[PDB]
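Novice: Can you read through this structure? Questions will come right after.
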Amino acid sequence: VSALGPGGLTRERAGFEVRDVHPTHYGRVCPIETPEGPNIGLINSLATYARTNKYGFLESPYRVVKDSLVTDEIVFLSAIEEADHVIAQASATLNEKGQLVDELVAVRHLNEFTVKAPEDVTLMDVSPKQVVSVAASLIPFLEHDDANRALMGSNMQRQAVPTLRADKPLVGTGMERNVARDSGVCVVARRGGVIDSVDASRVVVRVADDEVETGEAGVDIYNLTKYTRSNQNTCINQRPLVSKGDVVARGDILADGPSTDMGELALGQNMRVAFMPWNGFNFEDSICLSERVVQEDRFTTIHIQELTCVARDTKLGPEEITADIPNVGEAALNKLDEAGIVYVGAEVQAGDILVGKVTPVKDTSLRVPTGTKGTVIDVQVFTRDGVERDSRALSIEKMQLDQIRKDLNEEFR
Amino acid sequence: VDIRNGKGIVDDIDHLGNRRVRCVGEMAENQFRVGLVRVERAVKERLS
Amino acid sequence: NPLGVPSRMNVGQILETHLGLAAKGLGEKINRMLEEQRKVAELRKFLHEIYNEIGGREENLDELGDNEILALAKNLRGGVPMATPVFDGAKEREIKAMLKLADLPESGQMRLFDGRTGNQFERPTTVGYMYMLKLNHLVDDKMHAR
Amino acid sequence: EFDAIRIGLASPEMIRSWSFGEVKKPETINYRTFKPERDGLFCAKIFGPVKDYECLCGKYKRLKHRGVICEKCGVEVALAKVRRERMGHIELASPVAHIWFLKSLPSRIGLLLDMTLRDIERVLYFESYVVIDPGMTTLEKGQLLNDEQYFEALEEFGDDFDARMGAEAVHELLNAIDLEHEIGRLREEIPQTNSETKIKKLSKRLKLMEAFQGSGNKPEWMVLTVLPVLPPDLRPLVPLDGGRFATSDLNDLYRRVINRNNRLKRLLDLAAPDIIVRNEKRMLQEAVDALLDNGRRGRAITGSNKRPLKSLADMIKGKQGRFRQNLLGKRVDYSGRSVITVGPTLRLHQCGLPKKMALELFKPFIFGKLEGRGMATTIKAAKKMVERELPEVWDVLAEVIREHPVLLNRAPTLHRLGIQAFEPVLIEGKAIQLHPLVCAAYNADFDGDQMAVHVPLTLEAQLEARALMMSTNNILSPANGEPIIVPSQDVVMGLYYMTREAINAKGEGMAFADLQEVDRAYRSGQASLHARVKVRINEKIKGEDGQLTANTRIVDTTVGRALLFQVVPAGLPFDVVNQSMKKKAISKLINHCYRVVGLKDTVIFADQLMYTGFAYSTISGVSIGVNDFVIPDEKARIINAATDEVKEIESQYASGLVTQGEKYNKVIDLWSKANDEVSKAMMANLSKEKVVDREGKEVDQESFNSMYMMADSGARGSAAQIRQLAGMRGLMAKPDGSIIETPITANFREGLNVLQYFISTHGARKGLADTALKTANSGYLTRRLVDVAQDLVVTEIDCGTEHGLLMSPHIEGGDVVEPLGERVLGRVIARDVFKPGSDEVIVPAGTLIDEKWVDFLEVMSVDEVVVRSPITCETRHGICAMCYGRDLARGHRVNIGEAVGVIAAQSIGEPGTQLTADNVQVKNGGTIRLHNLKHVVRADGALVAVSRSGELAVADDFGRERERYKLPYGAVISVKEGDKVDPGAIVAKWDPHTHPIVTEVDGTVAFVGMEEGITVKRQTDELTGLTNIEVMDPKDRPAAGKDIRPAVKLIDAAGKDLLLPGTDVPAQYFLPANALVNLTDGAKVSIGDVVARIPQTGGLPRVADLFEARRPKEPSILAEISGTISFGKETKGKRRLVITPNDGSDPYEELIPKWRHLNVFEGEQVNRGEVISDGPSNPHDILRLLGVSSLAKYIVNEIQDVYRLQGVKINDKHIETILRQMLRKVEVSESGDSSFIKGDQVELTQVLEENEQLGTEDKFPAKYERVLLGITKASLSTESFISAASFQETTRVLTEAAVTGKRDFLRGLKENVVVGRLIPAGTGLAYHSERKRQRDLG
Amino acid sequence: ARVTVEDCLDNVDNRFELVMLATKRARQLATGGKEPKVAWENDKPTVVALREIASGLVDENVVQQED
RNA sequence: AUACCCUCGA
Ligand SMILES: [Mg+2]
């Protein structure tokens, strides 16, 4: 939830009123999750249980209580409606029947924190987690961190990178299950059943006859997305976590995506640390790492980046994607194909010629930027309507229809 | 006038009640209404 | 650096480190119990002992012996994960009892041995398994030169 | 070479001279053939050839005729660079007014015509006529006529009245000014009118007219009949990839102007109707205005974008406002950056450098060495080797790196220390390794910081890097002589842990023959690091200069202290290392070592200290654990007690006995007391939480708990943070600032609840939001500070003056805030210094006070000394090297060419980010002394002092004043001058509670005009609380009682009239409303009896206010001239208190409105310096009444209070330097050689007066009054226009320079920076001096 | 040893003419127009020029006479 | 290889 944009406060109109938290933010907007910098407090995040009202306002859940006991019924209440009710903290003494046995419990009548006698309390909180955001709810022992470092930790955890092999946190807040499931990175069984066949690329599920229509009983083909460039140039791949023949229910996790460990959220990796000054190598905030952490390859990450070439309608003529680049050396041409494009799966050093374009004959051939070295994993070709489809596009298409044909062949089978 | 005289209290922008949260639907509808009013004016000019 | 704890007044690192040490100790204990070819009854009672201590509620005895309990042990051999919620999480004494249950020092500290001179440090330091992150601020993208 | 860049109006003839053609076609390039068209915005006829040494047709392609223009190709063949100098012109059908000389806040074109900008705008926008050449007619030249009015005037007259419209009319007005006649008439009429406003306006008129007359500028040039066009490369169209073209805003604006001009000519040539013609003229005026500037009147917009077009004014303004990003910023070559990394194996003078960064940066050096060694023949081979990274290229890279320092700086460089030279060492990686000890100076932690690296090239640059900005050179901070390269957190922890003591430890007791035996025993493991042992040592003391005496002594110490002493150089005693070695102790040790041993041994000592600190912090496995935060056991009891108390108070409030407002204060005080008690108990438990056995009976010792070490050592953390970590967090503030009624009882070890966390979030959000604004304000403040104090560089050696500021220890309150030693250390004495008995010279003359001199002054009882200050040193254009004392970054006196102004500004602005009553009770026992007290003894010896200026001091036994207090008016004091008063005594028993009126004379008073109901009211309080009479208010009185005021006529006990000394009139003080006159009229009142009794921010904004010399909303009212004060007539609504000095009566006195309370009592000495009504002082009144030194002391103390609140120490030299820069201008009262009132530099007036003394007459010398200008005002008012134009308000200063015809001799720092010359300070001083020698002397 | 920027700048007490005349001497040395008054210990021209300043073997008068 | 907008780090 941001405050900038059209009809919104600009960073030059900040002041202090918008950039401070108020007792009305409790359970509606996270108090500790905001970006540190020029726009602090202007951009916030909704709380875990936050809810938009019918008229557009924010609402948070609460439990209605009577004089004697705490009633189970739960009502969503917005900021205006909190004045009459005295709201109790999510933690309070209970007599095993809902009766607050304490003498003075922490409450707030009119946004004024104070103690009150249980006989006058009218509403009770739902969860202590409903105050912080989803990002802030993932910090273990958040109650032992000051709000500055909690803010920094939430914003930091927001910026992690998926490592080669995800490792679930040994100590978490249990909210990792929820954030992993609610995001779409994990392949979730839309209908329960028994897994028919599994491999690194797809999952096929025999849908239970009970949870199926009359005809076409078992059809649920889950195509896992393999290594795919994200918006931040990080890899996005999903791995199966189910074998053949095991029964699955509606909502189970068949494949876990990036930064996930069998349905949990696994951003980083847990490792044995010691808190001691070691020869001044961890001086101000530095970290000193054993060579095992590199040998075990724990924090390595995969970065996918793309490079493009466009065939412009140059004034003299159209430029063609041809391998006969003028004044081209042999080894570089050997790395290339006949159509002028690098074969998929070729190690590329700096300055090598990935794609060959001749523009009238001058060369617009794509080469990798300096300092950039990697392995080619995929090549995509788009051709304008009414233009000749090159051989590589033909091969890519025939592979795609072969895959499609085999998918419906086994689905029919 | 009553607020000036002392009856009642002035509103403060701190309350999340005095603010409201939009979403993709609301401003998407606003942009659609802007385009619709432009098209409507053009049509009224043409279909007169 | 221990010096970053007292100034930036956050104790979550220390408590997380202690609980992670307990988690890895439990994982190692479970792994060594699995390697000794212990029967499913012993595994079940140890898991129940882990899951009856302080908080939550034990959910076992609803799992088949050979399949589910052995799969649980094979998944916990790398460390038993504890879920400590935001403000209703693990107290100090629960972590202490977990540590004393895992045959680790109740204080969470023991004297380490130096890696070069090989002589024990005079005072005991804090060691444990902390969930460390890697951020998208790599020096590979920051190193520029002209 | 060149100098003295001029600014003036552009003449149409000179505009033609500038141009190389007449741009006539709006379009730029043909879509078919891609060459610029004839008469277009890029035409080759006008601006030059597209290709270097080529023509349009290719008739001549040879590189021989570089100036010949071909026959078919009129486009002269020349180099392609010429497209940057060649400009064109556009001939406008009608003249158009210049936007800058129109819309500037003082409108120059309006001022030159004595007509308001509104009327001119009416004429320009074709709304009303104006009259030219009135002739013999009723109409006047300044008269504006409407359509009907002009039609009637034309019908009535018919001729002899030229009325026009538009900028053509303004142009016709301007060239008929006759500046000589106007100047003469306005000078004749200047003194005729006595109105201050009118005289000011006519003075501005005179200034403009004389500026135009002298500057060779013509008034008609303001309205440009022809305007230039920028060369094409400075307004380029950068083609977008894909064949698109990106057109600059300048091209769009030029095209618009050209189109409208072409429309104008082709609609006048066919005689279009008058209305459309005038509309077209208006459009052309608007288009030229938008081209020159935008947003002033019309705010022109672009196509399909809400972003306004960028005009030339915004172009010359630069990015980042007016701070020129191209002429001052100027991205450089041979540079790179990366994340920084701590290197603990680095010596202080060197820094790690990645292989790839070093190889890329030093590429030309590598090529040169490769060619010199012959390993490469062609540069292609050299590039191949350097890109292949052949093994032999690393050798040559090492050779080029060996003695070539590099520059490292952080992103925000708040002071010179933020960029230092390092001697690079090749490392394996991609990060820049930094020395741990330079992080404090850089303010750079290793949490993700990046550093830019720059490679100096010239031998001058390398030598300047090695000799001025090498990391070893700058150990001491330029802001204060205290060191800045000092052990930080981890090394401080190591050194502190090493030098501790344990009551019982392994190895305690035996004696060691040397430090070597101590090391041998410790490394063998037979002795603890901190065990009380005995060891004999060989310390070499430097007590005598030139004689290093070595003595052997046995000292009781610990093993760790003996080990650390093996690091200490050979000029310091062992007693300097025998304590616990906290951070402050280590910093003082380094400071002492620098001033005793030297610099090279000091950097060696610092490196060794860092090495041992790291080594022994690694050896000590110190760590933070959950058990380290020791919660005091009494915290629970204290919290329960406070909870019981607050429950009782809440019940009482529920009963209604206690008000909510008082309950709030009571509960907050209770909770604060409980928090303080809990914190004290926690600290007392933690500090001594060690029980040890000493061969039997248990004992206590200082704690070895890790968090306690981290606090006590000062390595990292503070008591305020342990208060949160192991004690209750205490009260927290709501966003409105009100402290929440309930505190946070839990700590971070116990963990906070949800509500307590939410409150701590209130606090943390407030702080974090405040941080960014603090940084922005600090950056702006330091930018203004630098731009106001840049021309100030030490030039002379000894100016010769003997004026300075009396410096005394700052004793505001009961304690000494700053000892005299710290204030005058590094300064220079202005006059003789005497013993307590005079005639004995202690410090003779301007001897630079050093450590020896400050110790000598402390040994004697010197209390007040006078030192030479930069506010003194009346030298011209600079400051003498004495009055600016010892340099702070160096141990010696400053050297000629040091830009102390920029250092001062950086010193003040760097720590900005760290920013955001009855009686006297003597503290300690001392002989009481009186200063500035004027009071006569009472009847019994009470000695009531009614004078407002007065203070009470308790001088120590030696003679120095240990404490001073401000004695208010009407204070009864048991005068015991010379008699020691015990501590805690109440010598002065003042209790004003009111404004008492003393009665210096005695006798039976005659209260004349005391009317019971009209002037007074015998109102007695309940229970006979007062047997007195209450004075009737002037308005509450009757119609006749309003004008009647009570008067206690002075009579003796028998009826003899008495009068106060100095004035014949009696001291019959009137009794105003709300008075308390208990003494009966006619009763003998003793001398000094009370007659009439009348009852009565901080951070970056405050320092900015002091540096701008602003006026608050309600300034403190001050007395004007000392003398006999009077009573203010409240009937008129403003109190008029006439002053009648005894030396000479001056009846002039202003009237102060009664809207603000006035605490002035009539019938006393005015004391011009003193204050009439309370409030924050206005820096000015202090300057113009008290003087300059008084203003200096006030401003310095006010800024230093703000800085000392956060504990940042800044020397006063810098604040005084900025003050000197602000007080650089003076205003003249009686000129005789200049204008009556003018803001002229004090140097100019001094030079004029000195020349006039030995000149025509003797009375030609002028009298002037010093004036104070804020930094943002003093910087913009410099003689140089280039310096001001690149600071702020570029348009205003540029127009002012244009009309005034200013000349800028490049004699400042920014002038040479922007023009690319050597700095007039530092090492460029020699070059500038030689240039002056060759220029001024022929 | 190292360039004595501490004691040499103290004798002349200006530290800026030190840099100026050191650069003069270093340019003479790179041009080969004079001999190092101090025996080379494998340093580059700037450092050896500075140690010649420190040892007092070369001065402004000596460099000018050599010039 | 020009200007805005967004996001992020110190
Ligand atoms: Mg940092």
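Each chain of the structure tokens is named A, B, ... in the order shown, its residues numbered from 1; ligands are numbered from 1 in display order.
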Dump as a ChimeraX atom specification the residues of chain D that approach chain F to within 10 Å, counting only C-alpha atoms (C1' of nucleotides).
Specialist: /D:236-241,246-249,305,307,309-310,410-412,444-451
Novice: Using DSSP on the backbone coordinates, identify all residues within chain E classified as helix (DSSP H, G or I); present the result as a count of residues only.
Specialist: 38
Novice: Find the residues near stretch 6-9 of chain A: any atom within 12 Å, counting only C-alpha atoms (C1' of nucleotides), skip ones fewer than 5 places away on the same chain, and give them as a VMD selection string.
Specialist: (chain A and resid 1 14 to 19 39 41 to 43) or (chain B and resid 19 to 22 27 30 to 31)
Novice: Could you write out as JSON, numbers by chain the residues of chain A within 6 Å of chain C, counting only C-alpha atoms?
Specialist: {"A": [128, 129, 137, 140, 141, 142, 143, 144, 145, 146, 159, 160, 161, 170, 171, 172, 173, 174, 268, 269, 270, 271, 272, 273, 274, 275, 276, 277, 282]}
Novice: Only N, CA, C and O atoms, please: the residues just picked out, written as a JSON list (two decimals), in the first residue's frame.
Specialist:
```
[["chain", "number", "residue", "atom", "x", "y", "z"],
["A", 128, "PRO", "N", -1.21, -12.33, 17.61],
["A", 128, "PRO", "CA", -0.16, -11.31, 17.73],
["A", 128, "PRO", "C", 0.55, -11.05, 16.42],
["A", 128, "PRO", "O", 1.20, -10.00, 16.26],
["A", 129, "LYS", "N", 0.45, -11.97, 15.47],
["A", 129, "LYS", "CA", 1.05, -11.83, 14.15],
["A", 129, "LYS", "C", 0.30, -10.85, 13.26],
["A", 129, "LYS", "O", 0.89, -10.32, 12.31],
["A", 137, "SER", "N", 6.68, -11.01, 9.57],
["A", 137, "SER", "CA", 6.24, -12.16, 10.34],
["A", 137, "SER", "C", 7.16, -13.36, 10.18],
["A", 137, "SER", "O", 6.96, -14.37, 10.87],
["A", 140, "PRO", "N", 12.24, -14.86, 13.17],
["A", 140, "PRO", "CA", 12.12, -15.52, 14.47],
["A", 140, "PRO", "C", 12.58, -14.62, 15.60],
["A", 140, "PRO", "O", 13.51, -13.83, 15.45],
["A", 141, "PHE", "N", 11.91, -14.75, 16.74],
["A", 141, "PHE", "CA", 12.16, -13.90, 17.90],
["A", 141, "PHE", "C", 12.12, -12.42, 17.54],
["A", 141, "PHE", "O", 13.01, -11.66, 17.91],
["A", 142, "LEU", "N", 11.10, -12.01, 16.79],
["A", 142, "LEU", "CA", 10.95, -10.60, 16.46],
["A", 142, "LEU", "C", 10.76, -9.75, 17.70],
["A", 142, "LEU", "O", 11.12, -8.57, 17.72],
["A", 143, "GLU", "N", 10.20, -10.34, 18.76],
["A", 143, "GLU", "CA", 9.99, -9.60, 20.00],
["A", 143, "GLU", "C", 11.29, -9.24, 20.71],
["A", 143, "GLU", "O", 11.27, -8.46, 21.66],
["A", 144, "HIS", "N", 12.42, -9.81, 20.28],
["A", 144, "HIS", "CA", 13.71, -9.50, 20.88],
["A", 144, "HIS", "C", 14.56, -8.59, 20.00],
["A", 144, "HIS", "O", 15.75, -8.42, 20.26],
["A", 145, "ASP", "N", 13.98, -8.00, 18.96],
["A", 145, "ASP", "CA", 14.68, -7.09, 18.07],
["A", 145, "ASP", "C", 14.05, -5.71, 18.13],
["A", 145, "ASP", "O", 12.83, -5.57, 18.20],
["A", 146, "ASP", "N", 14.89, -4.68, 18.10],
["A", 146, "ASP", "CA", 14.35, -3.33, 18.04],
["A", 146, "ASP", "C", 13.79, -3.06, 16.65],
["A", 146, "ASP", "O", 14.14, -3.72, 15.67],
["A", 159, "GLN", "N", 15.20, -9.13, -0.21],
["A", 159, "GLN", "CA", 16.15, -8.98, -1.30],
["A", 159, "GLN", "C", 17.06, -10.19, -1.43],
["A", 159, "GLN", "O", 18.14, -10.11, -2.01],
["A", 160, "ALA", "N", 16.65, -11.33, -0.89],
["A", 160, "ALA", "CA", 17.50, -12.51, -0.94],
["A", 160, "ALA", "C", 17.55, -13.08, -2.36],
["A", 160, "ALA", "O", 16.78, -12.69, -3.25],
["A", 161, "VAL", "N", 18.47, -14.01, -2.57],
["A", 161, "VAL", "CA", 18.66, -14.64, -3.88],
["A", 161, "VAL", "C", 18.53, -16.15, -3.72],
["A", 161, "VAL", "O", 19.13, -16.72, -2.80],
["A", 170, "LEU", "N", 16.15, -23.76, 9.93],
["A", 170, "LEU", "CA", 16.07, -24.61, 11.11],
["A", 170, "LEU", "C", 15.21, -23.98, 12.19],
["A", 170, "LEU", "O", 14.58, -24.69, 12.98],
["A", 171, "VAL", "N", 15.17, -22.65, 12.25],
["A", 171, "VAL", "CA", 14.30, -21.92, 13.16],
["A", 171, "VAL", "C", 13.54, -20.90, 12.33],
["A", 171, "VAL", "O", 14.13, -20.01, 11.70],
["A", 172, "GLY", "N", 12.22, -21.03, 12.30],
["A", 172, "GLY", "CA", 11.36, -20.12, 11.57],
["A", 172, "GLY", "C", 10.17, -19.71, 12.42],
["A", 172, "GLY", "O", 10.12, -19.98, 13.62],
["A", 173, "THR", "N", 9.21, -19.07, 11.76],
["A", 173, "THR", "CA", 8.00, -18.62, 12.43],
["A", 173, "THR", "C", 6.77, -19.42, 12.01],
["A", 173, "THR", "O", 5.66, -19.07, 12.40],
["A", 174, "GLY", "N", 6.95, -20.47, 11.22],
["A", 174, "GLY", "CA", 5.83, -21.28, 10.78],
["A", 174, "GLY", "C", 5.00, -20.61, 9.70],
["A", 174, "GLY", "O", 4.20, -21.27, 9.03],
["A", 268, "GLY", "N", 17.46, -18.37, 2.43],
["A", 268, "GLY", "CA", 18.88, -18.58, 2.60],
["A", 268, "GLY", "C", 19.21, -19.98, 3.07],
["A", 268, "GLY", "O", 18.43, -20.91, 2.87],
["A", 269, "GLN", "N", 20.38, -20.15, 3.69],
["A", 269, "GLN", "CA", 20.80, -21.43, 4.21],
["A", 269, "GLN", "C", 21.36, -21.26, 5.61],
["A", 269, "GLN", "O", 22.05, -20.29, 5.90],
["A", 270, "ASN", "N", 21.05, -22.23, 6.47],
["A", 270, "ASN", "CA", 21.49, -22.21, 7.86],
["A", 270, "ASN", "C", 22.88, -22.83, 7.97],
["A", 270, "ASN", "O", 23.16, -23.86, 7.35],
["A", 271, "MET", "N", 23.74, -22.20, 8.75],
["A", 271, "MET", "CA", 25.12, -22.66, 8.87],
["A", 271, "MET", "C", 25.65, -22.32, 10.25],
["A", 271, "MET", "O", 25.23, -21.36, 10.89],
["A", 272, "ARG", "N", 26.59, -23.14, 10.70],
["A", 272, "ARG", "CA", 27.15, -23.03, 12.04],
["A", 272, "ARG", "C", 27.98, -21.76, 12.13],
["A", 272, "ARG", "O", 29.02, -21.64, 11.46],
["A", 273, "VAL", "N", 27.53, -20.80, 12.93],
["A", 273, "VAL", "CA", 28.21, -19.52, 13.09],
["A", 273, "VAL", "C", 28.76, -19.42, 14.50],
["A", 273, "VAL", "O", 28.28, -20.07, 15.43],
["A", 274, "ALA", "N", 29.79, -18.60, 14.66],
["A", 274, "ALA", "CA", 30.35, -18.26, 15.95],
["A", 274, "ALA", "C", 30.41, -16.75, 16.08],
["A", 274, "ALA", "O", 30.70, -16.04, 15.11],
["A", 275, "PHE", "N", 30.14, -16.25, 17.28],
["A", 275, "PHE", "CA", 30.14, -14.82, 17.56],
["A", 275, "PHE", "C", 31.41, -14.50, 18.33],
["A", 275, "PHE", "O", 31.42, -14.49, 19.56],
["A", 276, "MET", "N", 32.49, -14.24, 17.60],
["A", 276, "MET", "CA", 33.75, -13.89, 18.25],
["A", 276, "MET", "C", 34.61, -13.13, 17.26],
["A", 276, "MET", "O", 34.60, -13.46, 16.07],
["A", 277, "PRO", "N", 35.33, -12.10, 17.70],
["A", 277, "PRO", "CA", 36.22, -11.37, 16.79],
["A", 277, "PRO", "C", 37.35, -12.28, 16.34],
["A", 277, "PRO", "O", 38.09, -12.82, 17.17],
["A", 282, "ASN", "N", 36.19, -9.78, 10.72],
["A", 282, "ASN", "CA", 34.84, -9.26, 10.88],
["A", 282, "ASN", "C", 34.88, -8.01, 11.75],
["A", 282, "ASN", "O", 34.53, -8.02, 12.93]]
```
Novice: Could you go through stretch 20-138 of chain A and tell me which residues DSSP, when run on the backbone, assigns to strand (DSSP E or B), listing them as a ChimeraX atom specification?
Specialist: /A:29,43,46,51-52,58-65,70-78,87-88,105-108,113-116,123-125
Novice: Could you give me, as a ChimeraX atom specification, the residues within 6 Å of stretch 201-209 of chain A, counting only C-alpha atoms (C1' of nucleotides) and dropping anything in the same chain fewer than 3 positions from it?
Specialist: /A:193-198,212,218,220-224
Novice: Give me, as a list in words, all polymer residues having an atom no more than 12 Å from residue D:252, counting only C-alpha atoms (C1' of nucleotides) and skipping those fewer than 4 positions away in the same chain.
Specialist: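 The filter keeps residues 26, 27, 28, 41, 235, 236, 237, 246, 247, 248, 256, 257, 258, 259, 287, 288, 290, 291, 300, 301, 302, 303, 308, 309, 310 and 311 of chain D.
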Novice: Find the residues around stretch 693-701 of chain D up to 10 Å (only C-alpha atoms (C1' of nucleotides) counted), leave out those fewer than 3 positions away in its own chain, and share them as a list in words.
Specialist: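 In the requested form, the answer reads residues 501, 502, 503, 504, 505, 687, 688, 689, 690 and 704 of chain D.
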Novice: Take the residues that were just selected and, keeping N, CA and C atoms, output them as a PDB file, in the first residue's frame.
Specialist:
```
ATOM      1  N   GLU D 501      42.556  -6.718  34.884  1.00  0.00           N
ATOM      2  CA  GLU D 501      43.152  -7.351  36.049  1.00  0.00           C
ATOM      3  C   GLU D 501      42.153  -8.300  36.689  1.00  0.00           C
ATOM      4  N   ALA D 502      42.636  -9.473  37.072  1.00  0.00           N
ATOM      5  CA  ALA D 502      41.847 -10.451  37.800  1.00  0.00           C
ATOM      6  C   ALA D 502      42.398 -10.602  39.211  1.00  0.00           C
ATOM      7  N   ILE D 503      41.487 -10.716  40.179  1.00  0.00           N
ATOM      8  CA  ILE D 503      41.893 -10.792  41.579  1.00  0.00           C
ATOM      9  C   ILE D 503      42.778 -12.009  41.810  1.00  0.00           C
ATOM     10  N   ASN D 504      42.387 -13.154  41.263  1.00  0.00           N
ATOM     11  CA  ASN D 504      43.189 -14.369  41.316  1.00  0.00           C
ATOM     12  C   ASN D 504      43.211 -14.989  39.929  1.00  0.00           C
ATOM     13  N   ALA D 505      44.406 -15.154  39.372  1.00  0.00           N
ATOM     14  CA  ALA D 505      44.564 -15.726  38.046  1.00  0.00           C
ATOM     15  C   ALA D 505      45.845 -16.540  38.003  1.00  0.00           C
ATOM     16  N   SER D 687      28.165  -4.561  36.727  1.00  0.00           N
ATOM     17  CA  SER D 687      29.534  -4.069  36.801  1.00  0.00           C
ATOM     18  C   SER D 687      30.385  -4.895  37.756  1.00  0.00           C
ATOM     19  N   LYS D 688      29.813  -5.284  38.889  1.00  0.00           N
ATOM     20  CA  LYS D 688      30.534  -6.041  39.901  1.00  0.00           C
ATOM     21  C   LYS D 688      30.133  -7.513  39.938  1.00  0.00           C
ATOM     22  N   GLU D 689      29.493  -8.027  38.887  1.00  0.00           N
ATOM     23  CA  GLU D 689      28.966  -9.393  38.890  1.00  0.00           C
ATOM     24  C   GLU D 689      30.102 -10.382  38.658  1.00  0.00           C
ATOM     25  N   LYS D 690      31.065 -10.370  39.573  1.00  0.00           N
ATOM     26  CA  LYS D 690      32.130 -11.362  39.555  1.00  0.00           C
ATOM     27  C   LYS D 690      32.568 -11.694  40.973  1.00  0.00           C
ATOM     28  N   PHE D 704      33.764  -9.500  34.246  1.00  0.00           N
ATOM     29  CA  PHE D 704      34.296  -9.951  32.968  1.00  0.00           C
ATOM     30  C   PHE D 704      33.178 -10.338  32.009  1.00  0.00           C
TER      31      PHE D 704
END
```
Novice: Env of residue C:77: 9 Å cut, atoms = only C-alpha atoms (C1' of nucleotides), seq-sep filter 6 positions within chain, self excluded. Answer as a list in words.
Specialist: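 Close residues of residue C:77: residues 24, 26, 27, 28, 29, 30, 31, 32 and 34 of chain C.
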Novice: Quick one: write out the picked residues with N, CA and C atoms as a tab-separated table (two decimals), in the first residue's frame?
Specialist:
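Result file is again_25.tsv:
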```tsv
chain	number	residue	atom	x	y	z
C	24	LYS	N	20.14	-28.34	15.19
C	24	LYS	CA	21.16	-29.19	14.57
C	24	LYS	C	21.60	-30.30	15.51
C	26	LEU	N	19.59	-31.81	17.64
C	26	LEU	CA	18.52	-32.79	17.51
C	26	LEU	C	18.62	-33.54	16.19
C	27	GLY	N	18.96	-32.84	15.12
C	27	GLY	CA	19.13	-33.51	13.84
C	27	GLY	C	20.24	-34.53	13.86
C	28	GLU	N	21.37	-34.17	14.48
C	28	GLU	CA	22.49	-35.11	14.59
C	28	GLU	C	22.12	-36.29	15.48
C	29	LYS	N	21.40	-36.04	16.57
C	29	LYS	CA	20.96	-37.12	17.44
C	29	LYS	C	20.04	-38.08	16.69
C	30	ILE	N	19.10	-37.53	15.92
C	30	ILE	CA	18.18	-38.36	15.15
C	30	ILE	C	18.93	-39.14	14.09
C	31	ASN	N	19.91	-38.50	13.43
C	31	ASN	CA	20.68	-39.17	12.40
C	31	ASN	C	21.48	-40.33	12.98
C	32	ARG	N	22.09	-40.12	14.15
C	32	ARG	CA	22.87	-41.19	14.76
C	32	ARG	C	21.97	-42.28	15.33
C	34	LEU	N	19.19	-43.13	13.75
C	34	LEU	CA	18.81	-43.84	12.53
C	34	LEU	C	19.94	-44.71	12.02
```
